[PDB]
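First comes one chain, alone, set out as structure tokens in the form deposited in one PDB entry.
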């Protein structure tokens, strides 16, 4: 029998995607030689299987390249040789994904998986298809897009402490729509830590911190006044700051406007993209636990703000209840858990 050669690419093929390696397989014989070069003549790294039957590229192929593959198979029946040439995808534009939380992090039970692209994604389904999420213990989750660039993945209920989460964004060589291809792959892994749920009840004006179901701190607080109230709902804890200059102009509100502001505060924990924080407020200690006086932040004492800074972590949960405000928008950026599960589960890839 004359040896046969089978490649994972077709001679004369265009638009070949570089999201997979290129392989060469020999039948009725073994591979005596296999080389692959690009248009400039530079060789492509590869490896031959010990049995001599399979050859595969070992480095990723580039966009907008013409590769020439030459292979020779030898067998008792005879010899066979083939030359193939193919052209890879020619992207119109490239987009880089950014994944949160960070690799190796320990996050709270409310932390979703976040994949943010630096460009608008026309084929959301293709993006979701290219993201493999592993969970241990395994749990059902789903994708949901906060905007044209960022997609979130979370389960129906808060994570179970101790869950391992692994995120592989394999967007390289993937057509994300309108000629937009992924600039690279990204791969992160994180773990869920203690259950920490702080509840701010406007009827009592107390921020109570519960760690694994036990109350460990009770903080008098002053929330947003009626004209600028704090929205009810579930907030995901974000970044921590020993101190931060609060500037309303970052939210489209001129500083010189009635609701504008610009001041420096200590021990600030972010809980919404819309600008809600837990922070030190020495000027309202007298009102904390009695009346609301802020632009929407949870004003707490300096010692309680610092305690919150030291003992709360990204992904922990703050829930506000019984305020005169509405509900935090589900697409705020840290309000994911305000979207009903059935809506989140059905997604919005269009």
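C-alpha atoms forming the largest set that superposes within 1.5 Å between two forms make up the rigid core. Numbering follows the first chain given and starts at 1.
As recorded in the PDB entry, 35-43 is the stretch of 294-302 and 35-43 with the greater mean C-alpha temperature factor.
Checked against the record, the higher mean CA B factor of 257-265 and 232-240 lies with 257-265.
Considering 277, 159, 251, 153 together, the PDB entry gives 251 the largest C-alpha B factor. Note on 163, 83, 270, 208: the highest value goes to 83, judged by CA B factor as recorded. Annotation for residue 317: CA B-factor lies in the lowest third of the chain's modelled residues. Annotation for residue 309: CA B-factor lies in the lowest third of the chain's modelled residues.
For residue 331, the recorded CA temperature factor ranks within the lowest third of the chain's modelled residues. In the PDB entry, a CA B factor belonging to the lowest third of its chain's modelled residues is recorded for residue 116. Ranked by Cα temperature factor within the chain, residue 137 sits in the middle third according to the deposited record.
Just so it is clear, the following notes concern the form deposited in another entry, a form of the same protein that is not shown.
Comparing the two forms between this form and the one not shown on the rigid core, the single residue of 142, 74, 133, 211 with a CA shift of 2 Å or greater is 74. When the rigid core is held fixed, the Cα atom of residue 296 travels less than 2 angstroms between this form and the one not shown.
Residue 310 shows a C-alpha shift below 2 Å between this form and the one not shown [criterion: core-superposed Cα displacement of 2 Å]. Core-superposed comparison between this form and the one not shown: the Cα of residue 59 travels less than 2 Å.
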